[PDB]
């Protein structure tokens, strides 16, 4: 057991986002070609996965953050992180 990370990237700069679960929280580090900085994403969790896709120039990110009990999807669509509709079962 260590930290656990997830990564996604887009474009040809590129932009990179690295999510790290450690000590009960998932945080986000960002690269847009100018140096690493801390992103806005911050949620509880012990495990994280991520995927992203471009629509034209606009990035859309989905982070699947899992605590001990619940996987919550968090959505970046250019204007803040929002709770997604994802559920693990119907």
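Positions refer to the first chain, counted from 1.
When the mean C-alpha temperature factors of 79 to 87 and 3 to 11 are read from the deposited coordinates, 79 to 87 comes out higher. The deposited CA B-factor of residue 48 belongs to the lowest third of values across its chain. Placement of the Cα temperature factor of residue 23 within the chain: highest third of the modelled residues, per the deposited record.
In the PDB entry, residue 55 places in the highest third of its chain by CA B-factor.
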